[PDB]
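Just one chain follows, in the form deposited in one PDB entry, and it is written as C-alpha cells.
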C-alpha cells in the first residue's frame, strides 16, 4: 500500500503547508506589532526631545542675557557716577 501511503503523505503535506501559511501570518503580525510600537514610542520621545532642546537654546540665550543685563546695569552705574 504505497497508494494509501501516498494519500497519507498528501494529507501531511497539506497540514504542513497550512501550518506554514499560519506561521507566516503570525510573523507578519509580529512585524506589524514592532512597527506600531516603534511609531508610538517615537512620537512620545520626539516630543520629549523637542522640549529638551527648547529648554537648552533658551537657557543658552539666558546666559547671554544675564551678561548683557549686568553690562546694561553697569553703564547705568557709570552714568550715576557722573554726579
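Residue numbers count along the first chain shown, from 1. Residues that one form lacks are left out of the comparison. We call the rigid core the largest set of C-alpha positions that still match within 1.5 Å between the two forms.
Here the subject shifts to the form deposited in another entry, a form of this protein not shown in this document.
Rigid core aligned, does the Cα position of residue 77 differ by 2 Å or more between this form and the one not shown?
Comparing the forms between this form and the one not shown, which are aligned on their rigid core, residue 77 does shift its C-alpha by 2 Å or more.
So that I can tell if residue 53 moves, could you say whether its C-alpha shifts by at least 2 Å between this form and the one not shown after the core superposition?
Result for residue 53: yes, a 2 Å-plus shift.
Tell me whether residue 19 is among the residues that move between this form and the one not shown (Cα shift of 2 angstroms or more, core superposed).
Comparing forms between this form and the one not shown, the residue 19 CA shifts below 2 Å.
Please identify, after superposing on the rigid core, every run of 3 or more consecutive residues whose C-alpha atoms all shift by 2 Å or more between this form and the one not shown, listing them in sequence order.
Moving stretch: 46 to 83 alone.
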